[PDB]
Amino acid sequence: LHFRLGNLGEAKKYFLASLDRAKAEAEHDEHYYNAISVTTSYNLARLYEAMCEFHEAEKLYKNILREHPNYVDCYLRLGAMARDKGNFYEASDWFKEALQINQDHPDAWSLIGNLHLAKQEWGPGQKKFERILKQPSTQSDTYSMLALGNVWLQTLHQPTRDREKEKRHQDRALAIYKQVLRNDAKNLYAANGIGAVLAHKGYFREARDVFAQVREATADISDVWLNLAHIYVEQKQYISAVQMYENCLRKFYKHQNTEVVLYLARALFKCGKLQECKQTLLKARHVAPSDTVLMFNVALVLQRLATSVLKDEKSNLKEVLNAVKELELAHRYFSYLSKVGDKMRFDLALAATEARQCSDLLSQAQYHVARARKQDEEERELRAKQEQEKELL
Amino acid sequence: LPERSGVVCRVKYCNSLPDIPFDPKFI
Amino acid sequence: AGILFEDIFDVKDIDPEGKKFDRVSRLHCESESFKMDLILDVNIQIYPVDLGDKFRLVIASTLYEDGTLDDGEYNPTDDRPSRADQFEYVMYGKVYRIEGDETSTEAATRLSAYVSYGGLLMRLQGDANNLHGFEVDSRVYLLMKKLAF
Amino acid sequence: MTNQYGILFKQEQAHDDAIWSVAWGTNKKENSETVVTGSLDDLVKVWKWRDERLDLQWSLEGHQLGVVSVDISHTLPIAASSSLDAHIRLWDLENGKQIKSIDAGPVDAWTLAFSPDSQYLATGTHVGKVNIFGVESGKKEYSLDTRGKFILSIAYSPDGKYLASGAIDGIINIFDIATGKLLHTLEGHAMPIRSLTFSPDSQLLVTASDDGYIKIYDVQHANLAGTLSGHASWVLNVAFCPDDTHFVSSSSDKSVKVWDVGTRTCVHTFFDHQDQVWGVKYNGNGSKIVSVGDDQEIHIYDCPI
Amino acid sequence: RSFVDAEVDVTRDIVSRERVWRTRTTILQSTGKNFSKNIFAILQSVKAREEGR
């Protein structure tokens with residue numbers, strides 16, 4: 001219960017005290033207190049996972065498997081820890097053993113499914129969810145129905161130039177979300193799924209209202225915040241979107257999530273926070289420099305800031321010198337991306353198109369270095385006049 | 001005229017599955 | 001529109017300094033997304049609320065869904081669709097003070113909008129970006145609803 | 001000297017934005033200790049460590065896309081800095097003046113580290129190479145190629161024989177500095193390796209990754225020495241203590257963790273920082289740790305001997 | 001495994017005493033709000049558009 005309350009210290013103390021006392025009470029019914037010790041060991045292992053004492057988490061799961069090896073939850077947590085290590089291979093190895101122990105276990109299929117979905121293996125991922133609904137023990141699993149809906153929706157995020165493939169998937173996803181919401185009126189994901197397909201269908205007006213109505217029940221679904229923030233960007237209420245992305249980053253991510261940071265950068269660009277847009281993308285490049293889409297966005301912000309500095313002759317020398325080198329760096333980055341860019345993440349014509357605009361503005365930028373020097377001298381005359389006039393008094 | 005270039009971000013309307021609830025077990 | 005502000009707030013304290021009035025009590029509330037601070041005095045007799053209560057607060061300039069900017073008169077005869085119809089509690093009043101961290105050297109980062117609901121005080125203390133629809137000495141509606149969870 | 005871990009010095013609002021790196025060096029000419037900091041606001045600030053406190057002496061302007069990493073020479077009165085523009089700038093600690101600016105290219109400067117003799121300056125690159133720049137020469141003298149992905153982290157062994165680099169593909173590379181040959185390529189982490197540090201005795205290599213796990217590898221035999229667990233987020237920086245028994249780690253979770261090498265357990269975790277701690281470094285004798293983060297503040301912790 | 005399979009009943013014993021309220025089905029359910037009536041009212045509008053009415 002303390003774990004459920006987030007009282008990791010108390011949970012640790014109480015589970016440890018429970019195990020130490022359990023050795024004393026096991027004297028009455030060793031089998032029963034051994035079962036209790038399994039529950040206490042699992043609860044403590046799950047806490048150590050949350051507390052990052054992974055050697056003790058690993059050892060406790062292994063202890064349960066040493067004493068009670070059919071406890072599927074140990075295999076799944078060992079795999080989930082591998083997933084947290086980012087080791088989809090090791091994670092799948094542990095989840096596969098869980099399926100080899102109980103082929104109809106829905107979380108084992110789902111965990112491997114998460115590995116397939118993260119890897120864009122929509123077909124193989126789909127296999128995991130389809131296998132669950134046909135079995136009587138899981139024939140009513142809304143999670144799997146919604147998972148098929150999510151598979152179709154995830155395919156909707158990838159660009160197929162023939163809209164019918166996407167639209168065929170749209171109707172597949174929507175039929176699932178419509179029925180699931182009919183069967184379970186508290187279903188958060190069916191409602192959001194309807195909103196998601198309406199949004200893909202372009203019905204942002206209703207989709208926003210739906211995402212808002214889903215948000216009224218819970219503050220812990222980031223996608224609802226993200227969908228609302230995206231529509232706020234599309235509806236040009238950029239301040240609200242920026243505020244959602246900033247607080248979303250502070251609440252849900254223990255690190256700067258580049259997806260949210262990019263959504264924030266897109267809003268900040270339009271929000272006029274060009275300084276923060278620049279800083280946010282520089283932070284993003286500092287976090288994921290091999291991601292060429294973020295690198296492009298950095299070059300784009302440098303280009304857009306320089307465009308403003310270069311248009312108005314009131315801009316000073318430090319601003320112009322920064323704009324020249326920053327714009328040279330941006331052109332250099334687009335030129336670099338044209339040679340080292342990751343072709344699978346962005347449209348190749350985009351980098352070549354922006355590179356030209358940067359080179360053009362850099363050519364015009366050299367004049368401003370000479371222009372800026374006079375503006376500094378212009379005030380000195382008034383100051384000299386002020387000095388002699390002060391001597392007059 | 002080339003349609004105005006926005007920040008490069010692939011639009012995703014998501015419905016992400018929640019983490020599987022392996023909460024500590026009551027006795 | 002006419003929605004000058006909107007966020008979800010939760011009651012963190014009832015008249016901590018003690019109850020001076022019987023049908024009214026202080027609410028020291030805070031928001032979830034924009035991290036807004038709010039002091040609001042409510043008629044606790046007609047609309048009793050308890051500590052830790054969550055409510056959706058939407059400071060709007062008007063009660064009409066079209067945002068057509070009403071005139072501040074009470075009229076029991078009103079045929080127009082109104083936001084209050086789908087809202088639980090609504091107060092109305094003038095802004096009597098706005099306060100931020102302004103200095104002789106630079107403008108404020110934060111804005112504090114003081115509003116008097118015909119005697120019932122409120123203070124929505126926030127940032128200089130959300131309190132944009134806000135203008136001192138202007139009619140506004142609170143349009144709030146407790147979240148039934 | 002405190003017999004327990006605690007904050008010893010605190011500089012609030014040091015930069016206009018996140019401070020990405022901090023370094024502690026000992027100036028052998030004066031036998032005086034110096035702390036240098038780099039931030040996204042393009043400024044390199046020099047703080048001098050005196051009577052267990054930092055005096056702000058110099059604010060060094062010159063960068064244009066934020067300062068990614070800074071280090072201080074243990075032999076010369078010179079501090080070094082790198083920026084996202086991949087340019088390296090060298091700074092005069094005696095006068096507070098810029099010594100040199102090196103235009104390496106859009107991707108030839110990232111994390112920065114001085115050699116133990118501090119005559120050379122190593123930096124990571126996007127093309128999977130580690131460039132070594134001469135402090136006096138100011139030119140790219142030689143380049144070490146891991147042939148992997150982006151090198152996010154680099155660190156010199158205090159014995160000056162090995163230079164370690166951690167790449168975004170999780171592979172750890174160990175190079176022979178004198179020959180520039182790749183000595184060891186380790187599986188490292190399954191996630192990007194944002195930081196690594198060698199032990200003063202140069203027998204162990206510490207690596208930090210987004211997985212929140214810290215790994216220990218033997219520098220001579222490249223065998224897995226141990227696994228450490230405890231950070232709740234990405235481990236942003238790691239530095240070994242000159243007393244050979246402890247090392248420090250920093251993370252995006254806003255905490256800094258100090259580890260005992262023998263028991264392989266964390267002795268203390270610091271929460272004085274309000275945001276991500278991008279950098280942590282020990283002083284020249286290991287009795288103190290300096291830390292900087294997204295909160296724009298520079299902190300120094302005292303450590304038990 | 002002949003020696004391990006004999007304890008599946010023991011694991012069932014543990015699981016029979018163990019209780020968790022948040023599952024893959026209940027994790028998808030709201031704390032108290034029912035969405036059907038509003039979203040079906042929205043679908044009343046959307047269904048007409050999908051049928052081209």
# chains A, B, ... in the order shown; residues from 1 in each chain; ligands from 1
>>> residues_around(residues="range 102-116 of chain D", least_positions_apart="4", cutoff="8 Å", atoms="only C-alpha atoms", output="ChimeraX atom specification")
/A:329,332-333,336 /D:68-74,80-89,120-127,131,138-140,152-160
>>> write_last_selection(atoms="C-alpha atoms", output="compact mmCIF listing (two decimals), in the first residue's frame")
# COMPACT_ATOMS: atom_id res chain seq x y z
CA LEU A 329 26.86 27.08 -39.30
CA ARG A 332 27.18 24.14 -43.04
CA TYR A 333 24.75 21.90 -41.13
CA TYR A 336 26.61 18.35 -43.71
CA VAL D 68 29.29 22.00 -24.40
CA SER D 69 32.34 21.10 -22.28
CA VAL D 70 35.17 22.75 -20.32
CA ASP D 71 38.30 21.39 -18.65
CA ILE D 72 41.28 22.90 -16.83
CA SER D 73 44.97 22.15 -17.24
CA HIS D 74 46.63 20.48 -14.25
CA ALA D 80 39.62 24.81 -22.34
CA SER D 81 36.07 24.93 -23.71
CA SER D 82 33.99 23.38 -26.52
CA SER D 83 30.74 24.52 -28.18
CA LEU D 84 27.91 23.04 -30.27
CA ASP D 85 29.47 24.97 -33.18
CA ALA D 86 32.29 22.42 -32.67
CA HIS D 87 34.79 25.26 -32.05
CA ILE D 88 37.36 24.95 -29.25
CA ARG D 89 38.35 28.00 -27.21
CA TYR D 120 46.75 17.87 -25.07
CA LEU D 121 42.98 18.39 -25.30
CA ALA D 122 40.72 15.57 -26.54
CA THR D 123 37.21 16.04 -27.94
CA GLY D 124 34.46 13.77 -29.28
CA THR D 125 32.90 14.03 -32.74
CA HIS D 126 29.73 13.14 -34.66
CA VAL D 127 31.69 11.06 -37.19
CA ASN D 131 40.12 14.65 -32.03
CA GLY D 138 45.62 25.02 -31.54
CA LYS D 139 45.34 22.62 -34.50
CA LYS D 140 43.81 19.20 -34.91
CA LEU D 152 29.08 11.52 -26.73
CA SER D 153 31.72 11.04 -24.01
CA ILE D 154 35.50 10.99 -23.58
CA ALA D 155 37.87 10.79 -20.61
CA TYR D 156 41.64 10.57 -20.06
CA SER D 157 43.19 8.02 -17.73
CA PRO D 158 45.15 9.83 -14.99
CA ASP D 159 48.24 7.79 -15.96
CA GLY D 160 47.94 9.41 -19.42
>>> residues_around(residues="range 120-123 of chain A", least_positions_apart="2", cutoff="9 Å", atoms="only C-alpha atoms", output="count of residues only")
12
>>> closest_atom_pairs(of="chain E", to="chain C", cutoff="9 Å", atoms="only C-alpha atoms", output="Markdown table")
| residue | atom | partner | partner_atom | distance |
| --- | --- | --- | --- | --- |
| E:30 | CA | C:149 | CA | 8.7 |
| E:31 | CA | C:149 | CA | 6.4 |
| E:32 | CA | C:149 | CA | 5.3 |
| E:33 | CA | C:149 | CA | 6.1 |
>>> write_last_selection(atoms="N, CA, C and O atoms", output="compact mmCIF listing (two decimals), in the first residue's frame")
# COMPACT_ATOMS: atom_id res chain seq x y z
N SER E 30 -11.60 4.45 -16.55
CA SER E 30 -11.58 5.71 -15.82
C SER E 30 -11.84 5.52 -14.33
O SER E 30 -12.38 4.51 -13.88
N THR E 31 -11.42 6.54 -13.57
CA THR E 31 -11.64 6.57 -12.12
C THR E 31 -13.11 6.69 -11.74
O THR E 31 -13.52 6.15 -10.70
N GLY E 32 -13.91 7.40 -12.53
CA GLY E 32 -15.33 7.54 -12.23
C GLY E 32 -16.22 8.08 -13.33
O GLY E 32 -17.45 7.95 -13.28
N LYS E 33 -15.61 8.70 -14.34
CA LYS E 33 -16.35 9.31 -15.43
C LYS E 33 -16.70 8.33 -16.54
O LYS E 33 -15.87 7.52 -16.97
>>> residues_around(residues="residue 22 in chain C", least_positions_apart="3", cutoff="8 Å", atoms="only C-alpha atoms", output="PyMOL selection string")
chain C and resi 19+25+44-45
>>> interface_residues(of="chain A", to="chain D", cutoff="6 Å", atoms="only C-alpha atoms", output="JSON, numbers by chain")
{"A": [52, 53, 54, 85, 86, 87, 254, 255]}
>>> residues_around(residues="residue 337 in chain A", least_positions_apart="6", cutoff="10 Å", atoms="only C-alpha atoms", output="ChimeraX atom specification")
/A:292-293,295-296,331,343,348,351-352,355
>>> residues_around(residues="range 220-227 of chain A", least_positions_apart="2", cutoff="10 Å", atoms="only C-alpha atoms", output="number ranges by chain")
A: 188-189, 192, 195-196, 199, 204, 207-208, 210-215, 217-218, 229-233, 241, 244-245, 247-249, 251-252, 260, 263; B: 11-16, 18; C: 33
>>> write_last_selection(atoms="C-alpha atoms", output="PDB file, in the first residue's frame")
ATOM      1  CA  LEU A 188     -10.154   5.936 -21.774  1.00  0.00           C
ATOM      2  CA  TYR A 189      -8.311   4.573 -24.832  1.00  0.00           C
ATOM      3  CA  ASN A 192      -9.108   8.711 -27.296  1.00  0.00           C
ATOM      4  CA  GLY A 195     -10.573  11.261 -31.231  1.00  0.00           C
ATOM      5  CA  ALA A 196      -7.296  10.115 -32.839  1.00  0.00           C
ATOM      6  CA  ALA A 199      -7.976  13.968 -35.933  1.00  0.00           C
ATOM      7  CA  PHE A 204      -9.902  18.498 -35.110  1.00  0.00           C
ATOM      8  CA  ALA A 207     -11.322  15.650 -31.672  1.00  0.00           C
ATOM      9  CA  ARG A 208     -10.199  18.521 -29.397  1.00  0.00           C
ATOM     10  CA  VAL A 210     -13.174  14.649 -27.132  1.00  0.00           C
ATOM     11  CA  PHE A 211      -9.569  14.880 -25.922  1.00  0.00           C
ATOM     12  CA  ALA A 212     -10.662  17.580 -23.453  1.00  0.00           C
ATOM     13  CA  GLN A 213     -13.528  15.412 -22.171  1.00  0.00           C
ATOM     14  CA  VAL A 214     -11.116  12.480 -21.738  1.00  0.00           C
ATOM     15  CA  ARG A 215      -8.648  14.771 -19.946  1.00  0.00           C
ATOM     16  CA  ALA A 217     -11.157  12.277 -15.958  1.00  0.00           C
ATOM     17  CA  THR A 218      -7.351  11.978 -15.758  1.00  0.00           C
ATOM     18  CA  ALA A 229      -1.441  20.797 -27.461  1.00  0.00           C
ATOM     19  CA  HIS A 230      -1.135  19.786 -31.132  1.00  0.00           C
ATOM     20  CA  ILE A 231      -4.633  21.099 -31.854  1.00  0.00           C
ATOM     21  CA  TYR A 232      -3.755  24.274 -29.900  1.00  0.00           C
ATOM     22  CA  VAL A 233      -0.823  24.682 -32.299  1.00  0.00           C
ATOM     23  CA  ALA A 241       0.452  24.590 -26.332  1.00  0.00           C
ATOM     24  CA  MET A 244       1.301  22.195 -21.948  1.00  0.00           C
ATOM     25  CA  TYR A 245       4.619  21.021 -23.399  1.00  0.00           C
ATOM     26  CA  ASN A 247       4.662  21.264 -17.816  1.00  0.00           C
ATOM     27  CA  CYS A 248       4.356  17.896 -19.590  1.00  0.00           C
ATOM     28  CA  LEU A 249       8.172  17.733 -19.756  1.00  0.00           C
ATOM     29  CA  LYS A 251       5.789  16.193 -14.883  1.00  0.00           C
ATOM     30  CA  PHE A 252       6.196  13.087 -17.071  1.00  0.00           C
ATOM     31  CA  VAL A 260       7.925  16.671 -26.470  1.00  0.00           C
ATOM     32  CA  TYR A 263       6.606  19.582 -30.225  1.00  0.00           C
TER      33      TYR A 263
ATOM     34  CA  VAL B  11       2.532  14.458 -36.709  1.00  0.00           C
ATOM     35  CA  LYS B  12       1.425  11.596 -34.439  1.00  0.00           C
ATOM     36  CA  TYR B  13      -2.080  11.368 -32.962  1.00  0.00           C
ATOM     37  CA  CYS B  14      -1.334   8.682 -30.365  1.00  0.00           C
ATOM     38  CA  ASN B  15      -3.356   6.261 -28.244  1.00  0.00           C
ATOM     39  CA  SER B  16      -0.396   4.617 -26.484  1.00  0.00           C
ATOM     40  CA  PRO B  18      -0.463   2.014 -20.754  1.00  0.00           C
TER      41      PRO B  18
ATOM     42  CA  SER C  33      -1.049  22.621 -15.862  1.00  0.00           C
TER      43      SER C  33
END
>>> residues_around(residues="residue 263 in chain D", least_positions_apart="3", cutoff="12 Å", atoms="only C-alpha atoms", output="ChimeraX atom specification")
/D:226-228,245-246,259-260,266-267
>>> atom_distance(atom1="CA of residue 9 in chain B", atom2="CA of residue 269 in chain A")
12.3 Å
